[PDB]
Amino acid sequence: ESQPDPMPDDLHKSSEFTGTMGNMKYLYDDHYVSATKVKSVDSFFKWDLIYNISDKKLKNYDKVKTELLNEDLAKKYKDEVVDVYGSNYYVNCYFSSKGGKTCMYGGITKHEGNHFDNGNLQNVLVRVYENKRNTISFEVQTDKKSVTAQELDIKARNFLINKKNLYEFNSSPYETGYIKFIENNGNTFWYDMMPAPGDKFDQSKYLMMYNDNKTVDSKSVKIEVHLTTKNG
């Protein structure tokens, strides 16, 4: 039922990527789209939804398109009042509507009854393993009861980028890495944290893994980040 854990051969190798790791770092280093109580105003293809969300930071966009795994998923949230959280991209971001644009995948949760009383944040445990040994442990926070794995992942990596140099401009001190989610019902799933081999990094193609819009229960989900160094 739950996705099988990865074996060394199933994981992307940092040493096999010859492009600029900064393009991966860019996607998680204090980078994300965030909006509350919004509703979609358009759609480009059947499986996507467009929202009017402005770049609160440095005004780089006022429209966000988010792609989902299929049309049922888009139909499900099309008329709902929702919250949005995800990692956006610009390279190869294309769509028209009827001002800057930005793109993303998944990141959608119904807003009604998904928050805590008096606006309280829920802590989510994250344990980091380097070469099979727990090295540091910490928590990330979310204001949602049901939160997308994407949101949690982003917060986890943002933290690890500043505290452990998960990704640097040229490369990474780590050879492999995957982030694993453990739900209170026993179901687990994971995402490879390293770019595919070659000299280029396709951001859009990488982020597409979030299009299933997978959500987890923040009060009970557990997160494990497994990293390995080329040596030790």
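Heads up: residue numbers just count along the shown sequence, starting at 1.
Coordinates are lacking for 4 to 9 deposited residues between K98 and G99. The mean Cα B-factor in the deposited entry runs higher for 6-14 than for the other of 6-14 and 219-227. Taking the PDB entry as given, 32-40 carries the higher mean Cα B factor of the two stretches 201-209 and 32-40. In the PDB entry, the Cα temperature factor peaks, among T66, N70, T176, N184, at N184. In this entry, the residue among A156, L121, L125, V128 with the greatest C-alpha B factor is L121. Among all modelled residues in its chain, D117 ranks in the highest third by Cα B-factor. Ranked against the other modelled residues of its chain, the C-alpha B-factor of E151 as given in the entry falls in the lowest third. In the deposited entry, the Cα temperature factor of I50 sits in the middle third of values across the chain's modelled residues.
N88: CA B factor in the lowest third of modelled residues in this chain (values from the PDB entry). Per-chain ranking of the deposited C-alpha B factor places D192 in the lowest third.
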